[PDB]
>>> print(open('my_file_0.cif').read())   # mmCIF, C-alpha atoms
data_input
#
loop_
_atom_site.group_PDB
_atom_site.id
_atom_site.type_symbol
_atom_site.label_atom_id
_atom_site.label_comp_id
_atom_site.auth_asym_id
_atom_site.auth_seq_id
_atom_site.Cartn_x
_atom_site.Cartn_y
_atom_site.Cartn_z
ATOM 1 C CA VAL X 1670 223.527 109.202 43.218
ATOM 2 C CA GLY X 1671 219.951 110.258 43.970
ATOM 3 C CA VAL X 1672 217.188 110.591 41.385
ATOM 4 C CA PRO X 1673 217.245 112.334 37.984
ATOM 5 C CA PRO X 1674 214.498 114.961 37.726
ATOM 6 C CA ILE X 1675 211.581 113.513 35.745
ATOM 7 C CA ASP X 1676 208.145 114.711 36.828
ATOM 8 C CA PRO X 1677 205.765 111.694 36.794
ATOM 9 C CA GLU X 1678 207.911 109.374 38.952
ATOM 10 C CA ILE X 1679 210.010 111.586 41.261
ATOM 11 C CA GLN X 1680 207.502 111.123 44.080
ATOM 12 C CA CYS X 1681 207.159 107.404 43.339
ATOM 13 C CA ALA X 1682 210.933 106.926 43.537
ATOM 14 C CA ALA X 1683 211.035 108.935 46.763
ATOM 15 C CA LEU X 1684 208.304 106.778 48.280
ATOM 16 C CA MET X 1685 210.077 103.575 47.211
ATOM 17 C CA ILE X 1686 213.325 104.749 48.798
ATOM 18 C CA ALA X 1687 211.610 105.759 52.035
ATOM 19 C CA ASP X 1688 209.602 102.532 52.182
ATOM 20 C CA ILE X 1689 212.098 99.774 51.382
ATOM 21 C CA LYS X 1690 215.439 101.468 52.081
ATOM 22 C CA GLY X 1691 214.028 102.823 55.353
ATOM 23 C CA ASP X 1692 215.273 106.434 55.229
ATOM 24 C CA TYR X 1693 212.745 109.199 54.557
ATOM 25 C CA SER X 1694 215.326 111.403 52.844
ATOM 26 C CA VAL X 1695 214.116 111.644 49.249
ATOM 27 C CA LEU X 1696 210.554 112.320 50.428
ATOM 28 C CA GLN X 1697 211.874 115.200 52.542
ATOM 29 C CA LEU X 1698 213.834 116.505 49.553
ATOM 30 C CA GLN X 1699 210.726 116.311 47.354
ATOM 31 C CA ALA X 1700 208.655 118.125 49.982
ATOM 32 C CA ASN X 1701 211.296 120.850 50.242
ATOM 33 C CA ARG X 1702 211.678 121.335 46.496
ATOM 34 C CA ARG X 1703 208.374 120.673 44.697
ATOM 35 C CA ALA X 1704 205.702 119.645 47.214
ATOM 36 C CA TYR X 1705 203.644 122.123 49.229
ATOM 37 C CA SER X 1706 200.139 121.906 47.682
ATOM 38 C CA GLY X 1707 197.322 123.327 49.796
ATOM 39 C CA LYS X 1708 195.479 126.605 49.277
ATOM 40 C CA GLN X 1709 197.023 129.707 50.868
ATOM 41 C CA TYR X 1710 194.186 132.204 51.321
ATOM 42 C CA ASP X 1711 194.863 135.902 51.814
ATOM 43 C CA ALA X 1712 194.224 137.165 55.338
ATOM 44 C CA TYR X 1713 192.589 140.374 54.077
ATOM 45 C CA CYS X 1714 190.334 138.435 51.666
ATOM 46 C CA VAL X 1715 187.114 137.233 53.322
ATOM 47 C CA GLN X 1716 184.499 135.168 51.478
ATOM 48 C CA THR X 1717 180.836 134.884 52.470
ATOM 49 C CA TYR X 1718 178.976 131.700 51.531
ATOM 50 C CA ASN X 1719 175.490 132.307 50.123
ATOM 51 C CA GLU X 1720 173.143 129.425 50.917
ATOM 52 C CA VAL X 1721 170.585 130.492 48.296
ATOM 53 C CA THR X 1722 173.053 130.344 45.393
ATOM 54 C CA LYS X 1723 175.306 127.699 47.032
ATOM 55 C CA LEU X 1724 178.296 129.863 46.064
ATOM 56 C CA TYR X 1725 180.770 131.973 48.003
ATOM 57 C CA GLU X 1726 180.759 135.765 47.739
ATOM 58 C CA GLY X 1727 183.574 138.232 48.336
ATOM 59 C CA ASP X 1728 187.073 139.025 47.100
ATOM 60 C CA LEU X 1729 189.432 136.046 47.232
ATOM 61 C CA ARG X 1730 193.177 135.666 46.665
ATOM 62 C CA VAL X 1731 194.684 132.165 46.713
ATOM 63 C CA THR X 1732 198.372 131.306 46.321
ATOM 64 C CA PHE X 1733 199.021 127.704 45.247
ATOM 65 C CA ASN X 1734 202.442 126.701 46.576
ATOM 66 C CA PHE X 1735 204.046 123.704 44.846
ATOM 67 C CA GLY X 1736 207.513 123.873 46.373
ATOM 68 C CA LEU X 1737 209.991 126.088 44.547
ATOM 69 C CA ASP X 1738 207.213 126.918 42.061
ATOM 70 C CA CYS X 1739 204.123 128.809 43.212
ATOM 71 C CA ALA X 1740 200.830 129.693 41.524
ATOM 72 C CA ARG X 1741 199.219 133.045 42.354
ATOM 73 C CA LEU X 1742 195.475 133.273 41.686
ATOM 74 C CA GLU X 1743 193.568 136.567 41.816
ATOM 75 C CA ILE X 1744 189.795 136.784 41.337
ATOM 76 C CA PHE X 1745 187.952 140.016 40.499
ATOM 77 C CA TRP X 1746 184.339 139.475 41.537
ATOM 78 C CA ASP X 1747 183.123 142.891 40.355
ATOM 79 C CA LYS X 1748 184.339 142.230 36.798
ATOM 80 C CA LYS X 1749 183.828 138.432 37.020
ATOM 81 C CA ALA X 1750 187.424 137.994 35.852
ATOM 82 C CA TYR X 1751 190.401 136.019 37.135
ATOM 83 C CA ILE X 1752 194.181 136.307 36.824
ATOM 84 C CA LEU X 1753 196.354 133.182 37.098
ATOM 85 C CA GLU X 1754 200.119 133.599 37.521
ATOM 86 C CA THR X 1755 202.316 130.533 37.966
ATOM 87 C CA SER X 1756 205.855 129.272 37.402
ATOM 88 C CA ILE X 1757 205.031 125.572 36.929
ATOM 89 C CA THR X 1758 206.330 124.132 33.652
ATOM 90 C CA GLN X 1759 206.151 120.367 34.289
ATOM 91 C CA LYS X 1760 203.236 118.281 33.053
ATOM 92 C CA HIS X 1761 201.319 116.507 35.818
ATOM 93 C CA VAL X 1762 202.007 119.160 38.466
ATOM 94 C CA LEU X 1763 200.478 121.659 36.042
ATOM 95 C CA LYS X 1764 197.532 119.302 35.507
ATOM 96 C CA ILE X 1765 196.959 119.029 39.270
ATOM 97 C CA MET X 1766 197.181 122.810 39.665
ATOM 98 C CA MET X 1767 194.707 123.289 36.804
ATOM 99 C CA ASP X 1768 192.308 120.853 38.477
ATOM 100 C CA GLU X 1769 192.625 122.679 41.806
ATOM 101 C CA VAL X 1770 192.071 126.118 40.259
ATOM 102 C CA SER X 1771 189.119 124.783 38.252
ATOM 103 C CA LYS X 1772 187.564 123.406 41.443
ATOM 104 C CA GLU X 1773 188.136 126.757 43.165
ATOM 105 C CA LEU X 1774 186.500 128.621 40.268
ATOM 106 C CA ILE X 1775 183.549 126.205 40.284
ATOM 107 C CA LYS X 1776 183.137 126.847 44.010
ATOM 108 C CA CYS X 1777 183.320 130.581 43.233
ATOM 109 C CA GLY X 1778 180.738 130.281 40.442
ATOM 110 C CA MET X 1779 182.754 130.856 37.252
ATOM 111 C CA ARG X 1780 184.673 128.730 34.757
ATOM 112 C CA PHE X 1781 187.887 128.953 32.765
ATOM 113 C CA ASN X 1782 187.836 131.091 29.620
ATOM 114 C CA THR X 1783 188.652 128.772 26.706
ATOM 115 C CA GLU X 1784 189.280 129.955 23.140
ATOM 116 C CA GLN X 1785 189.784 127.650 20.152
ATOM 117 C CA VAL X 1786 192.490 129.119 17.904
ATOM 118 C CA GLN X 1787 194.746 127.693 15.202
ATOM 119 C CA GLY X 1788 197.859 129.512 16.441
ATOM 120 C CA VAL X 1789 199.139 132.056 18.971
ATOM 121 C CA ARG X 1790 202.142 134.300 18.344
ATOM 122 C CA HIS X 1791 202.911 134.574 22.080
ATOM 123 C CA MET X 1792 203.392 132.136 24.949
ATOM 124 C CA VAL X 1793 199.996 130.909 26.167
ATOM 125 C CA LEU X 1794 198.742 127.993 28.239
ATOM 126 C CA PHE X 1795 197.219 125.392 25.913
ATOM 127 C CA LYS X 1796 195.835 121.902 26.505
ATOM 128 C CA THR X 1797 196.767 119.019 24.199
ATOM 129 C CA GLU X 1798 195.991 115.305 24.160
ATOM 130 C CA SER X 1799 199.076 114.588 26.293
ATOM 131 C CA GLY X 1800 198.210 117.296 28.834
ATOM 132 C CA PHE X 1801 198.910 120.961 29.594
ATOM 133 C CA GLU X 1802 202.023 122.611 28.154
ATOM 134 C CA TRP X 1803 203.476 126.118 27.958
ATOM 135 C CA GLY X 1804 204.700 127.607 24.693
ATOM 136 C CA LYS X 1805 203.519 128.736 21.270
ATOM 137 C CA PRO X 1806 200.940 126.271 19.873
ATOM 138 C CA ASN X 1807 200.888 126.037 16.077
ATOM 139 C CA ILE X 1808 198.142 123.373 16.150
ATOM 140 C CA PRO X 1809 194.400 124.122 16.518
ATOM 141 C CA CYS X 1810 193.714 123.329 20.166
ATOM 142 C CA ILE X 1811 192.187 124.851 23.317
ATOM 143 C CA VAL X 1812 193.985 127.852 24.835
ATOM 144 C CA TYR X 1813 193.131 129.015 28.356
ATOM 145 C CA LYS X 1814 192.968 132.798 28.690
ATOM 146 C CA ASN X 1815 194.214 134.862 31.648
ATOM 147 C CA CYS X 1816 197.198 132.537 32.145
ATOM 148 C CA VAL X 1817 200.604 134.177 32.641
ATOM 149 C CA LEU X 1818 203.844 132.253 33.191
ATOM 150 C CA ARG X 1819 205.854 134.276 35.731
ATOM 151 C CA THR X 1820 209.334 132.800 36.136
ATOM 152 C CA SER X 1821 210.149 135.453 38.762
ATOM 153 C CA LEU X 1822 207.820 133.722 41.249
ATOM 154 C CA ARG X 1823 210.575 131.180 41.992
ATOM 155 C CA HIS X 1830 212.981 122.755 56.256
ATOM 156 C CA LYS X 1831 211.375 120.027 58.376
ATOM 157 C CA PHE X 1832 208.230 118.031 57.605
ATOM 158 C CA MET X 1833 206.525 114.931 58.973
ATOM 159 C CA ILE X 1834 204.902 112.298 56.763
ATOM 160 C CA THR X 1835 201.906 110.063 57.485
ATOM 161 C CA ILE X 1836 201.827 106.840 55.456
ATOM 162 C CA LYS X 1837 198.587 105.269 54.216
ATOM 163 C CA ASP X 1838 197.562 102.452 51.851
ATOM 164 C CA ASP X 1839 200.494 100.324 53.083
ATOM 165 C CA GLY X 1840 202.872 102.833 51.496
ATOM 166 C CA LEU X 1841 201.072 104.032 48.378
ATOM 167 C CA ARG X 1842 200.111 107.607 49.345
ATOM 168 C CA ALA X 1843 201.927 110.150 51.503
ATOM 169 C CA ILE X 1844 200.604 113.238 53.293
ATOM 170 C CA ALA X 1845 202.924 115.882 54.730
ATOM 171 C CA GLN X 1846 202.688 119.223 56.509
ATOM 172 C CA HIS X 1847 205.014 121.881 57.886
ATOM 173 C CA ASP X 1848 204.155 121.570 61.584
ATOM 174 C CA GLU X 1849 201.532 119.818 63.713
ATOM 175 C CA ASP X 1850 198.957 122.565 63.078
ATOM 176 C CA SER X 1851 199.657 122.847 59.342
ATOM 177 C CA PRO X 1852 196.967 121.728 56.874
ATOM 178 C CA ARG X 1853 197.297 118.219 55.471
ATOM 179 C CA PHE X 1854 198.222 117.858 51.799
ATOM 180 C CA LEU X 1855 198.920 114.779 49.681
ATOM 181 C CA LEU X 1856 202.716 114.784 49.559
ATOM 182 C CA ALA X 1857 203.184 111.854 47.178
ATOM 183 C CA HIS X 1858 201.422 108.863 45.661
ATOM 184 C CA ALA X 1859 202.361 105.979 43.373
ATOM 185 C CA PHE X 1860 198.975 105.770 41.615
ATOM 186 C CA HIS X 1861 200.349 107.310 38.415
ATOM 187 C CA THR X 1862 200.490 106.106 34.808
#
>>> encode(input="my_file_0.cif", output="structure tokens")
Amino acid sequence: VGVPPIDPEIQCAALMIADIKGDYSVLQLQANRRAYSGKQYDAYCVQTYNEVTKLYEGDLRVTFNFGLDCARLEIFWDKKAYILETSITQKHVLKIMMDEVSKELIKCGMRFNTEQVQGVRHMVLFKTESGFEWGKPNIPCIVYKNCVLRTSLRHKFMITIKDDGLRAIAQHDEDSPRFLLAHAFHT
């Protein structure tokens, strides 16, 4: 029958199937649908690394592909502002994308704009104790600014197996960058 879609264990179930059943079908399906990762940099955007400040300089545009859902990140260096557009609504994929964008911003020399409010009338990206969720928060929490949920943003791969079958790395072709396809080290 396959696997029902539930975010924190889809990849774990795929890896189990591929490991003990022997067919790498569900891993391929996961890679096709919701597993691309990586950092797609714009060809026209060139960054210069400054050794004095240990930070990159120059306009940068990164698209974070996560399968059917993609995250578009635009950074305005002149105004020291960023625009984050994504279609990810699930929990831990959103957490991973937030971590990646935070690391990119740290490398670029800025941080996320966080505002503590007791309620937002519109849909904003807010962080709770259970993680990151999209909606209207009526509870005093932390809301990340410059976050827009764009629903309009919505194959063969090879997999290398490590840790005796606990983590998986996939890529489009032989020259494609390596990204962590799946791993069972969840909670």
>>> residues_near_point(input="my_file_0.cif", point="(189.4, 127.1, 16.6)", cutoff="10 Å", atoms="only C-alpha atoms", output="list in words")
residues 1784, 1785, 1786, 1787, 1788, 1808, 1809, 1810, 1811 and 1812 of chain X
>>> residues_around(input="my_file_0.cif", residues="range 1837-1847 of chain X", least_positions_apart="5", cutoff="12 Å", atoms="all atoms listed in the file", output="PDB file with C-alpha atoms, in the coordinates of the input")
ATOM      1  CA  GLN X1680     207.502 111.123  44.080  1.00  0.00           C
ATOM      2  CA  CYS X1681     207.159 107.404  43.339  1.00  0.00           C
ATOM      3  CA  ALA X1682     210.933 106.926  43.537  1.00  0.00           C
ATOM      4  CA  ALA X1683     211.035 108.935  46.763  1.00  0.00           C
ATOM      5  CA  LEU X1684     208.304 106.778  48.280  1.00  0.00           C
ATOM      6  CA  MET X1685     210.077 103.575  47.211  1.00  0.00           C
ATOM      7  CA  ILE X1686     213.325 104.749  48.798  1.00  0.00           C
ATOM      8  CA  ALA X1687     211.610 105.759  52.035  1.00  0.00           C
ATOM      9  CA  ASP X1688     209.602 102.532  52.182  1.00  0.00           C
ATOM     10  CA  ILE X1689     212.098  99.774  51.382  1.00  0.00           C
ATOM     11  CA  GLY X1691     214.028 102.823  55.353  1.00  0.00           C
ATOM     12  CA  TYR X1693     212.745 109.199  54.557  1.00  0.00           C
ATOM     13  CA  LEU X1696     210.554 112.320  50.428  1.00  0.00           C
ATOM     14  CA  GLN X1697     211.874 115.200  52.542  1.00  0.00           C
ATOM     15  CA  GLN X1699     210.726 116.311  47.354  1.00  0.00           C
ATOM     16  CA  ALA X1700     208.655 118.125  49.982  1.00  0.00           C
ATOM     17  CA  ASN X1701     211.296 120.850  50.242  1.00  0.00           C
ATOM     18  CA  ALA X1704     205.702 119.645  47.214  1.00  0.00           C
ATOM     19  CA  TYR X1705     203.644 122.123  49.229  1.00  0.00           C
ATOM     20  CA  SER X1706     200.139 121.906  47.682  1.00  0.00           C
ATOM     21  CA  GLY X1707     197.322 123.327  49.796  1.00  0.00           C
ATOM     22  CA  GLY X1736     207.513 123.873  46.373  1.00  0.00           C
ATOM     23  CA  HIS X1830     212.981 122.755  56.256  1.00  0.00           C
ATOM     24  CA  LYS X1831     211.375 120.027  58.376  1.00  0.00           C
ATOM     25  CA  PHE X1832     208.230 118.031  57.605  1.00  0.00           C
ATOM     26  CA  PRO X1852     196.967 121.728  56.874  1.00  0.00           C
ATOM     27  CA  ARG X1853     197.297 118.219  55.471  1.00  0.00           C
ATOM     28  CA  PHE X1854     198.222 117.858  51.799  1.00  0.00           C
ATOM     29  CA  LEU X1855     198.920 114.779  49.681  1.00  0.00           C
ATOM     30  CA  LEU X1856     202.716 114.784  49.559  1.00  0.00           C
ATOM     31  CA  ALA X1857     203.184 111.854  47.178  1.00  0.00           C
ATOM     32  CA  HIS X1858     201.422 108.863  45.661  1.00  0.00           C
ATOM     33  CA  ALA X1859     202.361 105.979  43.373  1.00  0.00           C
ATOM     34  CA  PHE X1860     198.975 105.770  41.615  1.00  0.00           C
ATOM     35  CA  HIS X1861     200.349 107.310  38.415  1.00  0.00           C
TER      36      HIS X1861
END
>>> atom_distance(input="my_file_0.cif", atom1="CA of residue 1713 in chain X", atom2="CA of residue 1823 in chain X")
23.5 Å
>>> axis_aligned_box(input="my_file_0.cif", around="range 1800-1808 of chain X", padding_each_side="6 Å", output="JSON")
{"center_x": 201.4, "center_y": 123.0, "center_z": 22.8, "size_x": 18.6, "size_y": 23.4, "size_z": 25.5}
>>> resolve_selection(input="my_file_0.cif", expression="the PyMOL selection byres ((chain X and resi 1743) around 12)", output="ChimeraX atom specification")
/X:1709-1711,1714,1728-1733,1740-1742,1744-1746,1748-1755,1770,1773-1774,1777,1815-1817
>>> closest_residue(input="my_file_0.cif", among="X:1716, X:1813, X:1677, X:1820", to="residue 1765 in chain X", atoms="only C-alpha atoms")
X:1677
>>> resolve_selection(input="my_file_0.cif", expression="the PyMOL selection byres ((chain X and resi 1789) around 7)", output="ChimeraX atom specification")
/X:1788,1790-1791,1805-1807
>>> atom_distance(input="my_file_0.cif", atom1="CA of residue 1798 in chain X", atom2="CA of residue 1783 in chain X")
15.5 Å
>>> decode(input="my_file_0.cif", residues="range 1753-1771 of chain X", atoms="N, CA, C and O atoms", output="compact mmCIF listing (two decimals), in the first residue's frame")
# COMPACT_ATOMS: atom_id res chain seq x y z
N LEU X 1753 12.49 35.97 2.36
CA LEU X 1753 12.41 34.51 2.37
C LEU X 1753 11.03 34.09 1.90
O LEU X 1753 10.03 34.38 2.57
N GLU X 1754 10.97 33.41 0.76
CA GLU X 1754 9.73 32.88 0.21
C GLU X 1754 9.84 31.37 0.11
O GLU X 1754 10.80 30.85 -0.48
N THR X 1755 8.87 30.66 0.67
CA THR X 1755 8.91 29.20 0.70
C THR X 1755 7.49 28.66 0.68
O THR X 1755 6.52 29.36 0.99
N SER X 1756 7.37 27.38 0.30
CA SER X 1756 6.09 26.68 0.29
C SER X 1756 6.07 25.49 1.24
O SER X 1756 5.16 24.66 1.17
N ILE X 1757 7.05 25.40 2.14
CA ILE X 1757 7.13 24.28 3.07
C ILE X 1757 6.19 24.53 4.24
O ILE X 1757 6.24 25.58 4.89
N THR X 1758 5.32 23.56 4.52
CA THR X 1758 4.38 23.65 5.63
C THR X 1758 4.59 22.59 6.71
O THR X 1758 4.04 22.74 7.80
N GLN X 1759 5.36 21.55 6.43
CA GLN X 1759 5.62 20.49 7.40
C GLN X 1759 6.63 20.97 8.44
O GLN X 1759 7.27 22.01 8.30
N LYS X 1760 6.78 20.18 9.51
CA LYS X 1760 7.47 20.67 10.71
C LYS X 1760 8.99 20.57 10.60
O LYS X 1760 9.68 21.59 10.59
N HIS X 1761 9.52 19.35 10.51
CA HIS X 1761 10.97 19.20 10.60
C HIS X 1761 11.68 19.62 9.32
O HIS X 1761 12.83 20.06 9.38
N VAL X 1762 11.02 19.50 8.16
CA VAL X 1762 11.59 20.06 6.94
C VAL X 1762 11.72 21.57 7.06
O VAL X 1762 12.74 22.16 6.67
N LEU X 1763 10.70 22.22 7.62
CA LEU X 1763 10.78 23.66 7.88
C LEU X 1763 11.90 23.98 8.86
O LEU X 1763 12.60 24.97 8.70
N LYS X 1764 12.06 23.15 9.90
CA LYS X 1764 13.14 23.38 10.86
C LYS X 1764 14.51 23.28 10.19
O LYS X 1764 15.40 24.11 10.44
N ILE X 1765 14.69 22.27 9.33
CA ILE X 1765 15.96 22.11 8.62
C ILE X 1765 16.21 23.30 7.69
O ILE X 1765 17.33 23.81 7.60
N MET X 1766 15.16 23.76 6.99
CA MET X 1766 15.32 24.90 6.10
C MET X 1766 15.65 26.17 6.88
O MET X 1766 16.46 26.99 6.44
N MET X 1767 15.02 26.35 8.04
CA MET X 1767 15.35 27.49 8.90
C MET X 1767 16.80 27.43 9.35
O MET X 1767 17.49 28.45 9.36
N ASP X 1768 17.27 26.24 9.74
CA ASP X 1768 18.67 26.10 10.14
C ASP X 1768 19.61 26.45 8.99
O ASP X 1768 20.61 27.14 9.18
N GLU X 1769 19.29 25.97 7.78
CA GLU X 1769 20.15 26.24 6.63
C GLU X 1769 20.18 27.73 6.30
O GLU X 1769 21.25 28.30 6.04
N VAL X 1770 19.01 28.38 6.31
CA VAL X 1770 18.97 29.81 6.00
C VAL X 1770 19.65 30.62 7.09
O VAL X 1770 20.31 31.63 6.81
N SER X 1771 19.53 30.19 8.35
CA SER X 1771 20.22 30.88 9.44
C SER X 1771 21.73 30.75 9.28
O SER X 1771 22.47 31.72 9.51
